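*Asks:* Encoded as structure tokens, here's the structure I'll be asking about.
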Amino acid sequence: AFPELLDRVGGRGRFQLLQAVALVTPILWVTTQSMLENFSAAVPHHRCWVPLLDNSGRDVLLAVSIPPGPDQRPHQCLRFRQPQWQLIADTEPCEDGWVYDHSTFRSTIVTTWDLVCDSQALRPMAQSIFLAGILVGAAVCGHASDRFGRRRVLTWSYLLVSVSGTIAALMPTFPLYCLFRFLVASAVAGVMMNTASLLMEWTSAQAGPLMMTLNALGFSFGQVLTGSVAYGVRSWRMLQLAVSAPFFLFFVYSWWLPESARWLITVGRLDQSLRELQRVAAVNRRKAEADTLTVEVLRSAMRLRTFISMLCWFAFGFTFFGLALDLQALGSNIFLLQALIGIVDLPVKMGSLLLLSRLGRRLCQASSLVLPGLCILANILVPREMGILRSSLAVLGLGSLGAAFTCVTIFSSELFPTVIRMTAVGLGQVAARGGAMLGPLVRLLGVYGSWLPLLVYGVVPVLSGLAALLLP
Ligand SMILES: O=C(O)CSc1nnc(Br)n1-c1ccc(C2CC2)c2ccccc12
């Protein structure tokens, strides 16, 4: 009887739009917390400290103390025991600290904790930890909202994000920074899950698509904000503070939004449900049918396809969250990137969807994985002088993976007995959040050659997409 009550109280109108506006400004700043590791953990050019240079012909002094490296650069991990003045065999690891290049970034976490050379694996692990935190928090919060309400959990998760972010920028050692970020990730996962549930709960008939696409396009405008606030704030201790502070301001105003009116009925909190419904009626201005509500009415109210879908989400997480958290290897000008991604994404997603869906439902699913995977794979062959070509195939490569998110959120999930779709979209997101933890771990394989990470990162989407043609 709840849909009839919702029709009696509103639908579309004013409040159902104010609520949407009030819970999407925070989803731009959840994508400034996830992809900040391209600007707060960026490896600059690091050389070895020398007593000759850098105080107790600059070019000759640099050439005599540091042996030449393989990639046409001074060595980043070794120095000469004694100035080899024979240069008009014996090398010792750096023992006086590195010297970094401060020309685009002032202080990253790499600069402050020396996560270079031998201690290199720790950098692709500080992201897998965060994704594991998101995975854990998206599973714990599921069993903590059906008993504590759907609005209180969001309000407290805002405060948790704010406090954990404001604390994580003031730690003196790596292990604690790898734990407070875990807490931030769990709270962020809770925020996203509850925002989606609240967005759908209050809306009927006009929500099947529109509502769950508004969360996914808040991410695309969020990237453009990461680029901008990093063009501006350049340090790393003043970036986490500036990103985590707005969540406290969101927490204060989050005390006025009404709670879900469908959860209040199944628990017996009829009186407050009535208060919430009448309050919503006044904002919606449809104060004509609301006189009907007199407690009693609310008292009466109180396999192959499945496997194909999971593989598709796994491939989005593995490839996107591994190749996008190192946009320093897909080209240059990191600030210009992370902003063209969303601007490409929205026109690309809309235009690709409109044209391809007319071919068929399976064709759109197939062409949204093989195309970006092949675009990424065809990036190795390009020589490192057509930057427009190497960067363009990267921008368009990563942007087109963002249309797989949409073409498997609404257009798909019908490939089942078709009762209701909130059965398997949930199980799909478990895979995508678990392929992201098994994500940047592939980037640990930069040794044994450097082409292999990109090769795997392009092959996996291609095989996953080509397996979708085997539906029967
Ligand atoms: O929880 C989920 O949404 C399922 S996978 C996941 N886990 N953490 C995050 Br953030 N994401 C994310 C899932 C999907 C997107 C699509 C391209 C627009 C994201 C874009 C930017 C940052 C994170 C994203």
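The way I read the labels, and the way they are meant: chains A, B, ... in the order of the structure tokens, residue 1 as the first residue of every chain, and ligand 1 as the first ligand shown, with later ones counted on from there.
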Per residue of region 327-385 of chain A within 12 Å of region 192-216 of chain A, what are the shortest atom pair and its distance in Å to one decimal, counting only C-alpha atoms, with rows by chain and residue number, as a tab-separated table?
*Replies:*
```
residue	atom	partner	partner_atom	distance
A:342	CA	A:216	CA	10.7
A:345	CA	A:216	CA	10.8
A:346	CA	A:216	CA	10.2
A:349	CA	A:216	CA	11.3
A:350	CA	A:213	CA	11.5
```
*Asks:* Would you output that residue set with N, CA and C atoms, as a CSV table (one decimal), in the first residue's frame?
*Replies:*
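Result went into again-v2.csv, see below:
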```csv
chain,number,residue,atom,x,y,z
A,342,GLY,N,35.7,12.9,-17.2
A,342,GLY,CA,34.3,13.1,-17.1
A,342,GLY,C,33.7,13.8,-18.3
A,345,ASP,N,33.4,11.5,-20.7
A,345,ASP,CA,32.5,10.4,-20.4
A,345,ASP,C,31.0,10.6,-20.7
A,346,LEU,N,30.5,11.8,-20.3
A,346,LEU,CA,29.1,12.1,-20.4
A,346,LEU,C,28.7,12.1,-21.9
A,349,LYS,N,29.2,8.4,-23.2
A,349,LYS,CA,28.2,7.4,-22.7
A,349,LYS,C,26.8,7.6,-23.4
A,350,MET,N,26.4,8.9,-23.5
A,350,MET,CA,25.1,9.1,-24.1
A,350,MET,C,25.1,8.8,-25.5
```
*Asks:* Which polymer residues have any atom within 7 Å of an atom of region 406-412 of chain A, counting only C-alpha atoms, with same-chain residues fewer than 2 positions away left out, as a list in words?
*Replies:* residues 209, 365, 403, 404, 414, 415 and 425 of chain A
*Asks:* Of the candidates A:299, A:318, A:469, A:185, which one gets nearest to residue 361 (chain A) if we count only C-alpha atoms?
*Replies:* A:469
*Asks:* Here is a test: counting only C-alpha atoms, which residue of A:277, A:139, A:1, A:66 is nearest to residue 53 (chain A)?
*Replies:*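 Under the stated criterion, the closest residue is A:66.
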*Asks:* Could you give me, as a short mmCIF file (atom, residue, chain, number, x, y, z; two decimals) with C-alpha atoms, in the first residue's frame, every polymer residue with an atom at most 9 Å away from an atom of ligand 1, counting only C-alpha atoms and all ligand atoms?
*Replies:*
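New file pocket08.cif:
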```cif
data_model
loop_
_atom_site.label_atom_id
_atom_site.label_comp_id
_atom_site.auth_asym_id
_atom_site.auth_seq_id
_atom_site.Cartn_x
_atom_site.Cartn_y
_atom_site.Cartn_z
CA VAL A 30 33.82 11.18 -2.47
CA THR A 31 35.69 11.06 -5.88
CA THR A 32 38.28 13.61 -4.60
CA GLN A 33 39.13 11.14 -1.79
CA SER A 34 39.42 8.01 -4.00
CA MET A 35 41.62 9.46 -6.80
CA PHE A 130 41.80 1.52 0.65
CA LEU A 131 39.82 -0.65 -1.76
CA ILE A 134 35.63 0.05 0.80
CA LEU A 135 34.82 -3.64 0.37
CA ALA A 138 30.06 -1.85 1.95
CA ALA A 185 37.07 4.06 2.85
CA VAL A 188 32.64 6.40 2.20
CA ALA A 189 31.17 3.04 1.17
CA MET A 192 27.33 5.81 -1.07
CA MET A 193 25.15 2.79 -0.27
CA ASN A 215 24.89 8.94 -8.48
CA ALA A 216 27.01 7.71 -11.46
CA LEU A 217 27.28 11.16 -13.11
CA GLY A 218 28.24 12.87 -9.84
CA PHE A 219 31.47 10.85 -10.15
CA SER A 220 32.23 12.24 -13.67
CA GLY A 222 33.96 14.83 -9.38
CA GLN A 223 37.05 14.00 -11.44
CA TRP A 313 31.92 -5.85 -13.28
CA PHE A 316 35.58 -2.67 -14.77
CA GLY A 317 37.19 -2.70 -11.30
CA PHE A 320 39.72 1.12 -14.30
CA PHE A 321 41.00 1.21 -10.68
CA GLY A 342 34.29 13.09 -17.11
CA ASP A 345 32.49 10.35 -20.35
CA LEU A 398 39.65 5.07 -19.64
CA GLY A 399 36.52 7.17 -20.46
CA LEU A 401 35.22 1.93 -19.53
CA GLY A 402 33.01 4.43 -17.62
CA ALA A 403 30.13 3.64 -20.05
CA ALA A 404 30.27 -0.06 -19.06
CA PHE A 405 29.25 1.06 -15.54
CA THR A 406 26.04 2.59 -17.02
CA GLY A 428 27.65 -7.27 -9.13
CA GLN A 429 29.01 -4.36 -7.09
CA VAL A 430 30.59 -6.87 -4.62
CA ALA A 431 32.68 -8.21 -7.56
CA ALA A 432 33.67 -4.72 -8.82
CA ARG A 433 34.77 -3.65 -5.29
CA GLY A 434 36.76 -6.91 -4.95
CA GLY A 435 38.40 -6.67 -8.37
CA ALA A 436 39.58 -3.18 -7.37
#
```
*Asks:* Pick out the closest residue to residue 149 (chain A) from this set: A:265, A:301, A:178, A:89. Count only C-alpha atoms.
*Replies:*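 Of all the options, A:265 lies closest to residue 149 (chain A).
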*Asks:* To test your reading of the structure, identify every residue in region 36-142 of chain A that backbone DSSP assigns to strand (DSSP E or B), and report it as a list in words.
*Replies:*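 Checking each residue of region 36-142 of chain A, the strand (DSSP E or B) ones are residues 46, 47, 48, 68, 74, 78, 79, 80, 91, 92, 93, 98, 99 and 100 of chain A.
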*Asks:* The selected residues should be written to file as a PDB file, in the first residue's frame (atoms: N, CA and C atoms).
*Replies:*
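Result file is again25.pdb:
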```pdb
ATOM      1  N   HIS A  46      63.786  11.344  -8.470  1.00  0.00           N
ATOM      2  CA  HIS A  46      64.578  11.288  -7.249  1.00  0.00           C
ATOM      3  C   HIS A  46      65.995  10.837  -7.573  1.00  0.00           C
ATOM      4  N   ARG A  47      66.980  11.607  -7.124  1.00  0.00           N
ATOM      5  CA  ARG A  47      68.382  11.253  -7.268  1.00  0.00           C
ATOM      6  C   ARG A  47      68.992  11.012  -5.894  1.00  0.00           C
ATOM      7  N   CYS A  48      70.251  10.592  -5.887  1.00  0.00           N
ATOM      8  CA  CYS A  48      70.932  10.278  -4.640  1.00  0.00           C
ATOM      9  C   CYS A  48      71.663  11.498  -4.089  1.00  0.00           C
ATOM     10  N   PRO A  68      75.423   6.691 -14.984  1.00  0.00           N
ATOM     11  CA  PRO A  68      74.293   6.826 -15.913  1.00  0.00           C
ATOM     12  C   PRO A  68      73.323   5.664 -15.780  1.00  0.00           C
ATOM     13  N   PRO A  74      69.972  10.103 -15.083  1.00  0.00           N
ATOM     14  CA  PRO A  74      70.863   9.760 -13.970  1.00  0.00           C
ATOM     15  C   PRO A  74      70.215   8.721 -13.070  1.00  0.00           C
ATOM     16  N   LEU A  78      71.513   4.602  -6.951  1.00  0.00           N
ATOM     17  CA  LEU A  78      72.910   4.284  -6.691  1.00  0.00           C
ATOM     18  C   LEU A  78      73.735   5.562  -6.727  1.00  0.00           C
ATOM     19  N   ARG A  79      74.924   5.486  -6.139  1.00  0.00           N
ATOM     20  CA  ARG A  79      75.885   6.579  -6.190  1.00  0.00           C
ATOM     21  C   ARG A  79      77.281   5.989  -6.065  1.00  0.00           C
ATOM     22  N   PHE A  80      78.274   6.780  -6.451  1.00  0.00           N
ATOM     23  CA  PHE A  80      79.663   6.344  -6.465  1.00  0.00           C
ATOM     24  C   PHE A  80      80.258   6.487  -5.072  1.00  0.00           C
ATOM     25  N   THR A  91      79.502   0.487  -6.415  1.00  0.00           N
ATOM     26  CA  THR A  91      78.411   1.416  -6.151  1.00  0.00           C
ATOM     27  C   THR A  91      77.764   1.047  -4.827  1.00  0.00           C
ATOM     28  N   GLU A  92      77.306   2.056  -4.082  1.00  0.00           N
ATOM     29  CA  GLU A  92      76.646   1.818  -2.808  1.00  0.00           C
ATOM     30  C   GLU A  92      75.244   2.415  -2.805  1.00  0.00           C
ATOM     31  N   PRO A  93      74.247   1.665  -2.339  1.00  0.00           N
ATOM     32  CA  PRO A  93      72.903   2.220  -2.183  1.00  0.00           C
ATOM     33  C   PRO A  93      72.904   3.552  -1.446  1.00  0.00           C
ATOM     34  N   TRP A  98      67.213  10.651  -0.327  1.00  0.00           N
ATOM     35  CA  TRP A  98      67.145  11.057  -1.718  1.00  0.00           C
ATOM     36  C   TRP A  98      66.943  12.565  -1.820  1.00  0.00           C
ATOM     37  N   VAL A  99      67.142  13.095  -3.023  1.00  0.00           N
ATOM     38  CA  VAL A  99      66.823  14.479  -3.355  1.00  0.00           C
ATOM     39  C   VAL A  99      65.795  14.459  -4.474  1.00  0.00           C
ATOM     40  N   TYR A 100      64.652  15.096  -4.239  1.00  0.00           N
ATOM     41  CA  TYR A 100      63.513  15.006  -5.136  1.00  0.00           C
ATOM     42  C   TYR A 100      63.374  16.292  -5.938  1.00  0.00           C
TER      43      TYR A 100
END
```
*Asks:* With a distance cut-off of 10 Å and only C-alpha atoms, select the neighbouring residues of residue 270 (chain A), excluding the residue or stretch itself and same-chain residues fewer than 4 positions from it, and output the selection as JSON, numbers by chain.
*Replies:* {"A": [261, 264, 265, 266, 274, 275, 276, 295, 296, 298, 299, 302]}
*Asks:* Could the residues in this selection be saved with C-alpha atoms as a compact mmCIF listing (two decimals), in the first residue's frame?
*Replies:*
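Saved file result_16.txt follows:
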```
# COMPACT_ATOMS: atom_id res chain seq x y z
CA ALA A 261 8.96 6.59 5.02
CA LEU A 264 9.49 3.47 9.48
CA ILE A 265 6.40 1.36 8.72
CA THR A 266 7.90 -2.14 9.00
CA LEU A 274 2.97 10.09 9.85
CA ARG A 275 4.85 13.19 10.98
CA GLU A 276 7.41 12.73 8.19
CA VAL A 295 -3.03 6.08 11.45
CA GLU A 296 -5.35 3.23 10.48
CA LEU A 298 -0.74 3.03 7.66
CA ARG A 299 -1.59 0.32 10.19
CA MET A 302 2.16 -2.46 7.95
```
*Asks:* Would you mind telling me which residue in A:169, A:116, A:21, A:6 lies nearest to residue 286 (chain A) when using only C-alpha atoms?
*Replies:*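 Of all the options, A:6 lies closest to residue 286 (chain A).
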*Asks:* Return the single residue from A:340, A:117, A:376, A:109 that is closest to residue 239 (chain A), with distances computed using only C-alpha atoms.
*Replies:*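 The answer is A:109, which sits nearest to residue 239 (chain A).
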*Asks:* Which of these, A:236, A:123, A:389, A:96, has the shortest distance to residue 56 (chain A) once you count only C-alpha atoms?
*Replies:* A:96
